[PDB]
Amino acid sequence: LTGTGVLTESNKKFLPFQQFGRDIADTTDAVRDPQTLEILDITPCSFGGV
Amino acid sequence: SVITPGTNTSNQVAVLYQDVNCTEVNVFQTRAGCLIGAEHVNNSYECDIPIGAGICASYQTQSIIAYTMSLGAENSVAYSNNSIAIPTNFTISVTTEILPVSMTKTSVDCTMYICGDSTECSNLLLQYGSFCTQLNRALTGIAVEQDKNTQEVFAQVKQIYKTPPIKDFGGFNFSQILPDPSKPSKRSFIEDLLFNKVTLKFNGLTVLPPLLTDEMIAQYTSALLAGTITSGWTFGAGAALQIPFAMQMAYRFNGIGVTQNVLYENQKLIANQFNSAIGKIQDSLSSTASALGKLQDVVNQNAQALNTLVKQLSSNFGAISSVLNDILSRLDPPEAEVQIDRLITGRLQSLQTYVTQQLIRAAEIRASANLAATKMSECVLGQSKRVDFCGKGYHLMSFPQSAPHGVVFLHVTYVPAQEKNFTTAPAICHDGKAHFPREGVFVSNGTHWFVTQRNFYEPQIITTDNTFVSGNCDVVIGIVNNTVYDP
Amino acid sequence: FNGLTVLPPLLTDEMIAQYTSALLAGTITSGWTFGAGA
Amino acid sequence: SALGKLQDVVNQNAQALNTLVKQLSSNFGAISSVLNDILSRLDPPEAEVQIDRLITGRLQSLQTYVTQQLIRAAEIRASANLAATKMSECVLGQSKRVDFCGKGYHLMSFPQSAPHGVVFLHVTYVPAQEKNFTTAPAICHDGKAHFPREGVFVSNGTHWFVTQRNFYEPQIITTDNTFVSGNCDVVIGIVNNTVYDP
Amino acid sequence: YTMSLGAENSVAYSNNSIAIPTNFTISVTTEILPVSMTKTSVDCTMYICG
Amino acid sequence: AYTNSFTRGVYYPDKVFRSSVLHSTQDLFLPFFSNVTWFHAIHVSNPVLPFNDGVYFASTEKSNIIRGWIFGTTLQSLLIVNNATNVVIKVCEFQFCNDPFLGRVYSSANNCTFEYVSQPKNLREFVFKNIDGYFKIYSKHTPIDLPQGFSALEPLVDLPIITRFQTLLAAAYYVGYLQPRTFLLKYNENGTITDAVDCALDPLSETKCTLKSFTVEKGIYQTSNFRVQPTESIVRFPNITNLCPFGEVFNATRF
Ligand SMILES: *[C@@H]1O[C@H](CO)[C@@H](O[C@@H]2O[C@H](CO)[C@@H](O)[C@H](O)[C@H]2NC(C)=O)[C@H](O)[C@H]1NC(C)=O
Ligand SMILES: *[C@@H]1O[C@H](CO)[C@@H](O[C@@H]2O[C@H](CO)[C@@H](O)[C@H](O)[C@H]2NC(C)=O)[C@H](O)[C@H]1NC(C)=O
Ligand SMILES: *[C@@H]1O[C@H](CO)[C@@H](O[C@@H]2O[C@H](CO)[C@@H](O)[C@H](O)[C@H]2NC(C)=O)[C@H](O)[C@H]1NC(C)=O
Ligand SMILES: *[C@@H]1O[C@H](CO)[C@@H](O[C@@H]2O[C@H](CO)[C@@H](O)[C@H](O)[C@H]2NC(C)=O)[C@H](O)[C@H]1NC(C)=O
Ligand SMILES: *[C@@H]1O[C@H](CO)[C@@H](O)[C@H](O)[C@H]1NC(C)=O
Ligand SMILES: *[C@@H]1O[C@H](CO)[C@@H](O)[C@H](O)[C@H]1NC(C)=O
Ligand SMILES: *[C@@H]1O[C@H](CO)[C@@H](O)[C@H](O)[C@H]1NC(C)=O
Ligand SMILES: *[C@@H]1O[C@H](CO)[C@@H](O)[C@H](O)[C@H]1NC(C)=O
Ligand SMILES: *[C@@H]1O[C@H](CO)[C@@H](O)[C@H](O)[C@H]1NC(C)=O
Ligand SMILES: *[C@@H]1O[C@H](CO)[C@@H](O)[C@H](O)[C@H]1NC(C)=O
Ligand SMILES: *[C@@H]1O[C@H](CO)[C@@H](O)[C@H](O)[C@H]1NC(C)=O
Ligand SMILES: *[C@@H]1O[C@H](CO)[C@@H](O)[C@H](O)[C@H]1NC(C)=O
Ligand SMILES: *[C@@H]1O[C@H](CO)[C@@H](O)[C@H](O)[C@H]1NC(C)=O
Ligand SMILES: *[C@@H]1O[C@H](CO)[C@@H](O)[C@H](O)[C@H]1NC(C)=O
Ligand SMILES: *[C@@H]1O[C@H](CO)[C@@H](O)[C@H](O)[C@H]1NC(C)=O
Ligand SMILES: *[C@@H]1O[C@H](CO)[C@@H](O)[C@H](O)[C@H]1NC(C)=O
Ligand SMILES: *[C@@H]1O[C@H](CO)[C@@H](O)[C@H](O)[C@H]1NC(C)=O
Ligand SMILES: *[C@@H]1O[C@H](CO)[C@@H](O)[C@H](O)[C@H]1NC(C)=O
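Residue numbers (UniProt numbering), protein chains in the order written: chain A, 546 to 595; chain B, 596 to 620, 641 to 676, 690 to 828, 854 to 1140; chain C, 855 to 892; chain D, 943 to 1140; chain E, 695 to 744; chain F, 27 to 71, 81 to 110, 115 to 142, 158 to 174, 187 to 210, 215 to 231, 235 to 242, 262 to 347.
Following this line, the structure appears as structure tokens:
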């Protein structure tokens, strides 16, 4: 599940069986920490045109 | 293919098989192929849904019928030699014409889209040369073209005219269409409907803001409108010259051959028709929500295409997995040099398709925006005599209104009504001269003979001032006799 | 053919002839007026 | 800077053509963009794979150029039809459509050649130095209402004149620059004068 | 800066006032239109394969 | 005996969270409005039932009168029992009796190769799938002619372990075989499945599925190719007859 982003605590209400989670763009968008079962919500780091 | 009245009308549906006879699987057979589930019905109507070859389908007393479409109410207009019909009355009418002016200024960070910040993938893609720069140039081109469009349509007015306070426009009630100091924004009352009756998180892709913010396009349109409301055509040609609005309307009637006294003898009535037409233009927009579909379509269509550009990012193209990180983790780098090449070429080709689609749509919207610019230039700043350019009528004037990506012109067209049937003659013979009508046309009901103006029954005694002498009462194909008076 | 096909036009040639007959009968009978109203 | 609108098409086309040249050096993940080199380095069973890679890339680039040139040609054709329409309507004529043959009221136009374009000198009448006059829509006299035949009524503060619409030139009100209807009741704002009778 | 749309001014409207131009300025405006590209041609085989 | 299903037999297909979104799935499901058989929960004569492609099961009862299952081929055999506050899920019932009357026991058992145990007017429902070396036990229940109310089953179990099955019988129970229907699932903002479209139920259902929308505006839409399948595989060959001369060229007295 490699990637980059900022990881945030989230209200995203994963049901107890769900072990990774994807957005409407089909990218992985939220995941559960396999050491602690916390919900971590991904978003990519800030970027743009200069 | 299926035909349906759509879920929110009914659950019922019928099916068309586009090129196979019903022997090959209620039923009907058409030049468009076999049709199943629709009852063929024997009279005719306008097309609710097109099928083909003159078959159309619609929902009616309930079931899906299919029918031969009817082009309209067949009527023999009672042509004759010797006969003319002249309208005794009129009905001013206001019609929306809705034109898209811009699409959203999409911009794609091409290397971030294709390669996801992989230092591997971009090191591959660099060996494709100009592509990933060229696409960004092309999208920037259409993006700048969207501001070029919006300025080229709204910024005709050289200055922001502010409307006078008292709004004493001869009984016309523009409070429905001017800005409101109740100030949810600069928007006008109708504009506040348009900004609601249509309505519309990413990697690589972004939406740049429009250069003219919506409150500022509304400011321009308020200026254009205060111009037409207070200065007629004159603010297009030079400085705005004030003129009383009733006199402006009198000029515009005099622009469509109706003599301007026909305005002043009816002004109280005329304004009441115009206000009611504005009320209908409000009430229709407040409920027939589909009427802005010409704008909603482009917003949907763009959003559709861009959405598929995201969806294509998820597709393998034959690569071992649809995520450069997930392959690059598991594959050996010499084989990843093949798998990532498959992903790169697939993604790049899909992006090339999107960029070409947006270039084609941008060319179309540029055509629409130029049509909107000429519409504003002729119909708003002027009075175009072009027989159907500014709506289905004789053109009086038009008012612009801003809409989220377009203009919604309220063309106000004079449509005549309540015809009468008169006998007529090309010329009136007296003393052996033939007299011809200087600007009207001759009409009679048989008892006597009169001249009238061409578009409104106002009879005058025929009087050797409204008519000019010519010929010698023998070359005219169908002359008639009368006692032409002489002041 | 395979894959390729031609859909029929919505307005067959009979109806295009019917409309242009209507536009002739209009212009002949009534000039500009039938564009603006009855 | 005035000719920018015309210089751009020369620049864009040159730019597109220039990148079509630069894409020959692209290499596309062959081992060299100079094809005669890979043709010397590798034996035909390999070289055919490398050349297939180059051919695929070069096609893709050329297909891009030709497609964009079609789009651009469609634009320039739409501009050419606009130019042909303005040549017809503004030069051979006096098209009265308010803001087509330049700003102002259009008088005439002169075409001029430019290297891939046309420059029109649109010659236009623009009014200036206006003054403020009181008005009425009609003049009441003997209870008839006289309306202006082609001008409008204006007041010189305290005497009433007809003037043509777009250039102040007063005339005494007469039977011949006015016409008569009504009963001095239905028209609002009617005002009184001794309309003269020659 | 925030863009200016232009010097805001009131039309001196009133229900009985007209402004009539006492004079004129005939003027000349250039308009510039492109009417062709260059007639490019590409010898496709000589481009791809030399 | 029969009754029709409604919008039931639908479950979270992939153990992956999605929300405020629509998604297209090709796993096995109970087709909407498929008939589900109804069977005697009482031993009035309970028939014992075939298992194909996975079973939707439901039982309507207070007091958990339906309380167990057995599965297998010629029923090594999966066994499930819920009595005495434990879900017992052994695969040990290798000699399940010819009449598995619940209580004193359904079977004779040996070689319990897998023996997982877990904590175990009202409608209880299940789906049993076997796939890829797993047995998936989706289940859900709600207080109360099955309801027309939609309900998405959560995975109650998914076990790393069949042709017929039987149940450890005032109650009733319903059975229906799944099929591999494409579904479009709509996920609420809370990530529960709120509605679904069977992409084969009718041509409108197919159109809904093809636009990826529930509301279809009035109009005409493409949906599919219609290509007739060939009725037969004819073969004609040139009436040629003898074996070829290879027995010379691989065996010549001198190459
Ligand atoms: C011309 O038409 C208008 C309507 O378009 C007529 O005005 C209506 O007349 C009826 C009958 O008197 C009234 O009930 C309506 O209220 C009038 N309309 C409005 C808006 O007030 C008018 O009478 C017609 N005049 C002629 C000469 O035909
Ligand atoms: C139209 O018809 C009416 C009646 O047929 C005509 O009205 C008469 O016109 C004369 C001359 O203007 C008047 O002296 C009469 O008083 C009118 N009749 C009445 C009852 O007042 C009218 O002239 C006809 N017009 C035409 C052009 O034929
Ligand atoms: C504009 O108004 C002035 C007065 O306000 C007019 O002055 C007189 O006009 C009358 C006829 O209208 C002449 O008989 C007088 O000789 C005028 N007096 C002067 C001092 O000129 C003036 O005529 C009006 N404008 C024009 C062009 O006549
Ligand atoms: C109309 O405008 C023209 C242009 O300004 C005026 O002509 C100018 O008049 C001033 C004053 O005599 C001179 O200094 C300029 O040299 C003139 N320009 C030209 C090109 O000759 C003209 O006087 C104005 N006329 C009226 C009636 O307003
Ligand atoms: C569909 O019907 C509902 C009422 O059931 C209404 O609120 C909605 O506006 C309708 N939508 C369309 C597109 O007709
Ligand atoms: C198939 O349909 C067409 C429609 O015009 C008709 O002409 C033709 O005879 C039909 N053939 C059969 C076998 O029904
Ligand atoms: C339509 O009308 C004709 C009248 O001649 C009739 O013969 C025919 O059956 C009708 N068609 C249908 C579908 O009822
Ligand atoms: C204009 O119409 C509105 C109703 O839309 C009304 O409230 C307002 O008073 C009217 N103003 C006039 C007639 O001046
Ligand atoms: C004119 O007269 C003809 C013949 O009676 C009639 O058909 C037609 O409808 C009349 N038109 C009007 C406008 O009265
Ligand atoms: C046609 O109209 C003219 C003019 O009134 C008349 O002389 C001629 O007799 C008319 N012919 C017919 C056939 O009505
Ligand atoms: C008009 O009058 C003259 C003389 O009275 C007559 O010769 C002529 O025929 C009349 N017009 C027509 C059309 O008959
Ligand atoms: C007309 O008069 C007003 C004062 O009432 C003034 O502000 C305005 O500038 C004048 N207009 C012209 C064109 O002189
Ligand atoms: C213009 O408005 C005033 C009131 O402000 C009014 O007295 C006057 O009559 C109006 N003008 C006309 C021509 O009615
Ligand atoms: C014009 O004169 C009549 C009678 O002299 C008078 O009743 C009327 O009021 C005058 N016009 C105006 C606008 O006052
Ligand atoms: C359900 O069963 C009945 C009786 O066996 C049958 O007639 C019906 O077709 C079945 N339902 C469907 C949807 O086929
Ligand atoms: C366990 O399996 C073996 C092999 O099938 C069988 O012989 C034995 O009887 C089984 N255990 C018992 C207790 O029967
Ligand atoms: C969604 O979840 C929140 C948090 O538990 C809850 O308050 C809300 O009622 C839920 N709504 C729906 C429609 O599931
Ligand atoms: C040719 O065809 C027949 C089958 O129709 C086959 O049985 C026969 O042996 C063939 N003839 C010869 C001479 O081999």
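Cβ atoms here follow ideal geometry from the backbone N, Cα and C, with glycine treated the same way.
Rounded to the nearest angstrom, what separates F:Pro217 and F:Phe32 at their Cα positions? Translated into positions along the sixth sequence, residue 217 of chain F becomes position 147. Translated into positions along the sixth sequence, residue 32 of chain F becomes position 6. Straight-line Cα distance between these residues: approximately 7 Å.
Smallest Cα separation from B:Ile1018: which of B:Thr732, B:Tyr1067, B:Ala766? Sequence index remark: in the second sequence, residue 1018 of chain B carries index 365 (1-based). When only C-alpha atoms are compared, the closest one is B:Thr732.
Element boundaries [alpha helix (DSSP H), containing B:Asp867]: Here residue 867 of chain B corresponds to residue number 214 of the second sequence, with the count starting at 1. 867-884 is the extent of the alpha helix (DSSP H) around B:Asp867.
Can a CB atom of chain B be found closer than 8 Å to the CB of D:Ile1130? Mapped onto the fourth sequence, residue 1130 of chain D falls at position 188. Yes, contact with chain B.
Shorter than 7 Å, the distance from the beta carbon of B:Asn603 to the closest heavy atom of ligand 5, or not? Here residue 603 of chain B refers to the residue found at position 8 of the second sequence. Yes, since a heavy atom of ligand 5 falls inside the 7 Å radius drawn around the Cβ of B:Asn603.
Apart from the five residues on each side of it in sequence, which residues of its chain come closer than 6 Å, Cβ to Cβ, to B:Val656? One-based indexing of the second sequence puts residue 656 of chain B at position 41. Around B:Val656: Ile693, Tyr695.
Contact under 8 Å by Cβ, B:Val1065 with B:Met1050: Stepping through the second sequence from its first residue, residue 1065 of chain B is reached at position 412. Stepping through the second sequence from its first residue, residue 1050 of chain B is reached at position 397. Yes. Within cutoff.
Does the distance from the C-beta atom of C:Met869 to that of B:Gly669 stay below 8 Å? Position 15 of the third sequence, counted from the first residue, corresponds to residue 869 of chain C. Position 54 of the second sequence, counted from the first residue, corresponds to residue 669 of chain B. For the 8 Å CB-CB criterion, C:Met869 and B:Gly669 form a contact.
So, helix, strand or coil for D:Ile1132, using DSSP? Mapped onto the fourth sequence, residue 1132 of chain D falls at position 190. The answer is coil: DSSP assigns D:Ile1132 none of H, G, I, E or B.
Do B:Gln1071 and B:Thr602 have their C-beta atoms closer together than 8 Å? Locating residue 1071 of chain B in the second sequence gives position 418, where the first residue counts as 1. Locating residue 602 of chain B in the second sequence gives position 7, where the first residue counts as 1. In this structure, B:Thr602 does not lie closer than 8 Å to B:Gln1071 by Cβ.
Distance, Cα to Cα, E:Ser735 vs B:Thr1006? By one-based count along the fifth sequence, residue 735 of chain E stands at place 41. By one-based count along the second sequence, residue 1006 of chain B stands at place 353. Each residue's Cα considered, the two are about 24 Å apart.
For B:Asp950, which of helix, strand or coil comes out of DSSP? Translated into positions along the second sequence, residue 950 of chain B becomes position 297. DSSP places B:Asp950 in helix when its eight states are reduced to three.
Below 7 Å between beta carbons is the criterion; list the residues of the segment 712-726 of chain E that meet it against any residue of chain D, in chain order. Under the 7 Å Cβ criterion, the segment 712-726 of chain E contributes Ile712, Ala713, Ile714, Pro715, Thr716, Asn717, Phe718, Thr719, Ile720, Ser721, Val722, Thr723, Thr724, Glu725, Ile726.
Can you give the Cα-Cα distance for B:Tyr741 and F:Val42, rounded to whole angstroms? Along the second sequence, read from residue 1 onward, the residue named residue 741 of chain B stands at position 113. Along the sixth sequence, read from residue 1 onward, the residue named residue 42 of chain F stands at position 16. B:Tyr741 and F:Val42: Cα-Cα distance of roughly 24 Å.
Is F:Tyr265 closer than 8 Å to F:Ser94 when the C-beta atoms are compared? In the sixth sequence, the residue the question calls residue 94 of chain F occupies position 59. In the sixth sequence, the residue the question calls residue 265 of chain F occupies position 173. Yes, Cβ-Cβ distance for F:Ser94 and F:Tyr265 is below 8 Å.
Examine ligand 17 and report whether any of its heavy atoms sits within less than 7 Å of the Cβ of F:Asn280. Your numbering for residue 280 of chain F matches position 188 in the sixth sequence. Yes, ligand 17 has a heavy atom inside 7 Å of this Cβ.
Which chain D residues sit within Cβ distance under 9 Å of B:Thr1120? Locating residue 1120 of chain B in the second sequence gives position 467, counting from the first residue. The contacting residues do not exist; B:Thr1120 stays about 14 Å from chain D at best.
Between D:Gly1044 and chain B, is the shortest Cβ-Cβ distance under 8 Å, so that the two count as touching? Indexing the fourth sequence from 1 puts residue 1044 of chain D at position 102. With 8 Å as the cut-off, D:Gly1044 does not count as an interface residue toward chain B.
I need the residues with a C-beta less than 5 Å from some heavy atom of ligand 8; please give them in chain order. Those residues are B:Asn801, B:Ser803, given in chain order.
Closer than 8 Å to chain B by CB, F:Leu303: One-based indexing of the sixth sequence puts residue 303 of chain F at position 211. Taking Cβ atoms only, chain B never reaches closer than 8 Å to F:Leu303, which makes this a no.
Looking only at DSSP bridge pairs, what is D:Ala1070 linked to? Position 128 of the fourth sequence, counting from 1, holds the residue named residue 1070 of chain D. DSSP, once it has assigned bridges, lists E:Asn717 as partnering D:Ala1070.
Collapsed DSSP secondary structure at A:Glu583 in the structure displayed: For this step, residue 583 of chain A is matched to residue 38 along the first sequence. Coil, per DSSP.
Taking its Cβ as the centre, do 16 or more other Cβ atoms sit within 10 Å of F:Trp104, making it buried, or is it exposed? On the sixth sequence, residue 104 of chain F is found 69 positions in, with the first residue counted as 1. With 16 or more other Cβ atoms within 10 Å, it is buried.
When we look at the beta-carbon of D:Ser968 and count the other beta-carbons within 10 Å, is it buried (16 or more) or exposed? In the fourth sequence, counting from the first residue as 1, residue 968 of chain D sits at position 26. D:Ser968 counts as buried, since at least 16 other C-beta atoms from the protein chains shown sit within 10 angstroms of its C-beta.
Cβ of B:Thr859 within 8 Å of any chain A Cβ: As a first step, residue 859 of chain B must be located in the second sequence, where it is residue number 206. Closer than 8 Å: yes.
Just to confirm the assignment: which complete alpha helix (DSSP H) runs, minimum length 4, are found wholly within the segment 911-988 of chain B? Here the runs fully enclosed are 914-917, 920-938, 946-965, 977-983.
If you compare alpha carbons, which of B:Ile1115, B:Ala713, B:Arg646, B:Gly971 is closest to C:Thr887? Numbered from its first residue, the third sequence carries residue 887 of chain C at position 33. Comparing Cα positions, the closest option is B:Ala713.
In chain order, what residues of the segment 962-996 of chain B put their CB closer than 9 Å to some CB of chain A? The segment 962-996 of chain B vs chain A, Cβ under 9 Å: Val963, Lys964, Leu966, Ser967, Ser975, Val976, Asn978, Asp979, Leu981, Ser982.
Between the segment 35-53 of chain F and the segment 282-296 of chain F, can you find at least three pairs of beta-carbon atoms closer than 8 Å? yes
Does ligand 7 have even one heavy atom less than 7 Å from the beta-carbon of B:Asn641? Reading the second sequence from its first residue, position 26 is the one you call residue 641 of chain B. No, Cβ of B:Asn641 sits at least 7 Å from all heavy atoms of ligand 7.
Reduced DSSP category for B:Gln992 - H, G, I as helix; E, B as strand; rest coil: To locate residue 992 of chain B, count along the second sequence from 1; it is residue 339. Here DSSP, grouped into helix, strand and coil, assigns B:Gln992 to helix.
Can you round the beta-carbon distance between B:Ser813 and B:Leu806 to whole angstroms, since I take them to be within the 8 Å contact cut? Residue numbering aside, residue 813 of chain B sits at position 185 when the second sequence is read from its first letter. Residue numbering aside, residue 806 of chain B sits at position 178 when the second sequence is read from its first letter. 14 Å between Cβ atoms; not a contact.
Report back the beta-carbon spacing between F:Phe86 and F:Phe106 to the nearest angstrom; my notes put them in contact at under 8 Å. Counting from 1 along the sixth sequence, the entry for residue 86 of chain F is found at position 51. Counting from 1 along the sixth sequence, the entry for residue 106 of chain F is found at position 71. The Cβ separation is near 6 Å, so the contact holds.
Shortest alpha-carbon distance to E:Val729 belongs to which of D:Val1033, D:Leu1001, D:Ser1055? Reading the fifth sequence from its first residue, position 35 is the one you call residue 729 of chain E. Nearest C-alpha to E:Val729: D:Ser1055.
Does the Cβ of B:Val785 lie closer than 7 Å to at least one heavy atom of ligand 14? Locating residue 785 of chain B in the second sequence gives position 157, counting from the first residue. Answer for B:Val785: no, Cβ out of range of ligand 14.
Does any heavy atom of ligand 18 sit closer than 7 Å to the C-beta of F:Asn334? The residue you call residue 334 of chain F lines up with position 242 of the sixth sequence. False, no ligand heavy atom lies under 7 Å from that Cβ.
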